[PDB]
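>>> Take a look and give me a structure for this.
(one chain, ligands or ions: 3)
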Amino acid sequence: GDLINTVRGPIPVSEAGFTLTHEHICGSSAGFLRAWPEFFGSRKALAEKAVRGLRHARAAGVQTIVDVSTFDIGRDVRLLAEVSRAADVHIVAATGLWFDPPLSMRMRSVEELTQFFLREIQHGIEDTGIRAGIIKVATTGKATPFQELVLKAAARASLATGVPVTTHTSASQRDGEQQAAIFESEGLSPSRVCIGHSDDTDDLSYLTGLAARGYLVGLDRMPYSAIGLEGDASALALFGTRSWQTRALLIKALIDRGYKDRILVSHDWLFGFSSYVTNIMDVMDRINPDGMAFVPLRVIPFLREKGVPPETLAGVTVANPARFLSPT
Ligand SMILES: CCOP(=O)(OCC)Oc1ccc(OC)cc1
Ligand SMILES: [Co+2]
Ligand SMILES: [Fe+2]
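Numbers count the residues shown, from 1 in each chain. Ligands and ions are numbered 1, 2, ... in the order given. Sure, the structure comes next:
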């Protein structure tokens, strides 16, 4: 009955199945894939890599990914539709703004940003008719003045459409608390919101405080670890020095504290990555050759072997994303 928009059109919520709620086909910048496709070898090479990766995920049981690339992450919805079709994996596209908005966005009011998010949800992205099914926002510490506007615009767009909001945080700085305060100031329900990158911290006081208020807690960087690459400063800064098992333990922790229905799990993976240092994709591909199959192949069995019931693991990977993505 309930439906969600994907880059291939509407699908029943019940067909979303096992869903990775924070992912990227390509982490880039607005206009960049059009201006400089050779950065990625070629657009064709990038697509082929993405198709191989999504087929691998699919083989491991993933049926849907939420590509949370916004305009300023250089989201290319035609690319998403091409790879979704070829790999037979659903892709939900995003509106919103990450932390690299250009001046044409940064100069905008809350009202104007709301119109833009609404356009991408209700009308379509660019000239494609593909509708966003999620709204992505970001802070990296205390919100900038502009980021405050973005979070308010995200709340308003969500209220008008029922589409959920998902966030990038600096989890070590506990951004989720201010994000929550801003969302609530606009009257947005916490159940419409996922506070992302929350597995970047082991601060369970912070995480359970959010979960208790009804927020979804995005444990979405599972394979991120620069353990063994301490010589690579850019890898250390991005990936951290905590193991995937450490990250995965937070899923169990929240389940053990009663919060199984408030957890979303993902990788924050990608198949191309131009917004960071050159060759970062090769480093990442070495850290996690499994890509977006890492959660089903490593994390879910790890949790099972720690005694998490199959029903609970299905609730986390199927029921929670379905409830979150269903327009409400
Ligand atoms: C690794 C994925 O997370 P990120 O927010 O990218 C979204 C596509 O990563 C960053 C990208 C650029 C940065 O510049 C300082 C920092 C993080
Ligand atoms: Co992010
Ligand atoms: Fe991301």
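>>> Would you list the phi and psi of whichever residue of the stretch 1-150 of the chain sits closest to ligand 1?
Of all residues in the stretch 1-150 of the chain, residue 27 sits closest to ligand 1, at 2.7 Å by CB to the nearest ligand atom. Placement of C-beta: from N, CA and C, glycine included. Backbone dihedrals for residue 27, given as degrees, to the nearest 10, come out at phi -100, psi 110.
>>> how deep is it tucked in, by neighbour count?
Applying other CB atoms under 10 Å, we find 21 residues neighbouring residue 27.
>>> How about it: which residues does it bridge to?
Note on residue 27: beta-bridge partners by DSSP bridges are residue 273.
>>> Next up, the contacts around residue 22.
Neighbouring residues of residue 22 by CB atoms under 8 Å, 6 or more residues apart in numbering: 66, 68, 166, 194, 196, 218, 220, 264, 266, 267, 268.
>>> Let's see if you can find the most crowded of those residues.
For the contacts of residue 22, neighbours tallied by other CB under 10 Å; top is residue 194, 32 neighbours.
>>> Contact residues of the stretch 1-150 of the chain facing ligand 1?
For the stretch 1-150 of the chain, the contact set with ligand 1 under CB under 6 Å from any ligand atom comprises 24, 27, 73.
>>> Contact partners for the nearest residue to the first one once chain neighbours are set aside?
The reference is to residue 24. Take residue 24 and drop its neighbours on the chain: the residue closest to it by CB to CB, 6 or more residues apart in numbering is residue 270, 4.0 Å away. Neighbouring residues of residue 270 by CB under 8 Å, 6+ apart: 23, 24, 25, 26, 27, 281, 284.
>>> The fourth one and residue 33, how far apart?
Meaning residue 26. To residue 33, residue 26 is 7 Å away according to CB to CB, to the nearest Å.
>>> so residue 50 makes contact with residue 26?
Yes - shown here, residue 50 and residue 26 form a contact pair, counting by CB atoms under 8 Å, at 7.4 Å.
>>> shared neighbours of those two, which are they?
Between them, residue 50 and residue 26 share these contacting residues under CB under 8 Å, 6+ apart: 79, 271, 272.
>>> out of those, which one sits closest to residue 238?
Closest approach to residue 238 among the shared contacts of residue 50 and residue 26 (CB to CB): residue 272, at 15.3 Å.
>>> And the strands in the protein?
With DSSP state E as the criterion, the chain has strands at 3-6, 9-12, 19-23, 26-27, 64-67, 90-92, 94-96, 134-138, 165-168, 193-195, 216-219, 263-265, 272-273.
>>> Other residues contacting the fifth one?
With CB under 8 Å, 6+ apart as the contact definition, strand 64-67 has outside contacts at 6-7, 16-25, 54, 57, 75, 80, 89-94, 133-134, 166, 266, 292, 321, 325.
>>> Show me what from the stretch 201-328 of the chain comes close to ligand 1.
So far as CB under 6 Å from any ligand atom goes, the stretch 201-328 of the chain lies against ligand 1 at 238, 268, 275, 276.
>>> Sitting in helices, which of those residues do you find?
Here DSSP state H is the test, and these give residue 238 as lying in helices.
>>> Just among the contacts of residue 270, which is most surrounded?
Busiest of those [other CB under 10 Å] is residue 25, holding 32 neighbours.
>>> Kindly reformat the shared contacts of residue 50 and residue 26 as JSON lines containing neighbour count.
As requested, these are exported to JSON lines (neighbours: other CB atoms under 10 Å):
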{"residue": "79", "neighbour count": "24"}
{"residue": "271", "neighbour count": "27"}
{"residue": "272", "neighbour count": "25"}
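>>> Contacts only, for residue 297.
Contacts for residue 297 (CB under 8 Å, 6+ apart) come out as 60, 290.
>>> Quickly note the distance from it to ligand 1.
20 Å (CB to the nearest ligand atom, to the nearest Å).
>>> quick one: that residue and residue 25, what's the gap?
Distance of residue 297 to residue 25, given as CB to CB: 20 Å.
>>> and what of residue 129?
19 Å.
>>> cool, and residue 241?
Residue 241 sits 28 Å away from residue 25 when distances are taken as CB to CB.
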